[PDB]
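This document opens with one chain alone, in structure tokens, the form deposited in one PDB entry.
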């Protein structure tokens, strides 16, 4: 199931509609604490969703996402496809963007450590917000090795991370005509998705208590140790759970 988002005429609410549509497009059979639990394994024909993004200038790219972990596999710009250099993306290439004439394998996987090294910048210093997503679309449509890694981190955060956390969706969407640097709280949520997903599943079989705590960074940049499902991040923020059998 594919979804789209257009930057021209975009508003905070239209970005919210987009991210809600993206979450809905990801298959799920179960929910834990009313949070959809992503599937651990899906056949190729059900494993990918396409996100179609158009910038202010009416240029469009299509983004392939693995619905089991919301990872970006690659994207298409006109007649060229670009895929990350990672096992799951190589597999994705057999199913999506099959008709592109030229196929580029990027020099890195989509892991943040590789992307920040390639971009020569850490996530905290890369602007986010709707105008930043516009620029990332332009940058990737007119692909250049020098600028792609940074744009890909904007893209991943504006799609994958926003879908996983209401907080991230809300902070990016409120920047309609301005941009902002993400706080340590955002970095922490991104870093902690797998561990949180894991502990929330364990909690469902352990009276709501985590087996191991998860350390997050709050609004005051303080380390907070999360131990159960009544914590605010579980009750009102995390929006998708990575399946325990799909963590590595």
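Numbering follows the first chain given and starts at 1.
Keep in mind that the form solved in complex with a partner chain is not shown, yet the notes after this line are about it.
Student: Which of these stretches, 171-179, 95-103, 122-130, 148-156, has heavy atoms within 4.5 Å of its partner chain in the deposited complex?
Tutor: Only one stretch passes the 4.5 Å heavy-atom test: 171-179.
Student: For this chain shown on its own, do 18, 26 and 64 all sit within 4.5 Å of its partner chain in the deposited complex, going by heavy atoms?
Tutor: No.
Student: Would you check, heavy atoms only and a 4.5 Å threshold, whether residue 226 touches its partner chain in the deposited complex?
Tutor: Contact with its partner chain, yes.
Student: Even though the partner isn't displayed, in the deposited complex is residue 14 close enough to its partner chain, meaning a heavy atom within 4.5 Å?
Tutor: Looking in the deposited complex, residue contacts with its partner chain do not include residue 14, since no heavy atom lies within 4.5 Å.
Student: Can any non-hydrogen atom of residue 202 be found within 4.5 angstroms of its partner chain in the deposited complex?
Tutor: No, no contact at 4.5 Å.
Student: Should residue 216 be counted as a contact of its partner chain in the deposited complex, where contact means heavy atoms within 4.5 Å?
Tutor: Taking the distances in the deposited complex, the answer for residue 216 is yes, it comes within 4.5 Å of its partner chain.
Student: Name the residue from 143, 112, 71, 167 that puts a heavy atom within 4.5 Å of its partner chain in the deposited complex.
Tutor: Contact check passes for 167.
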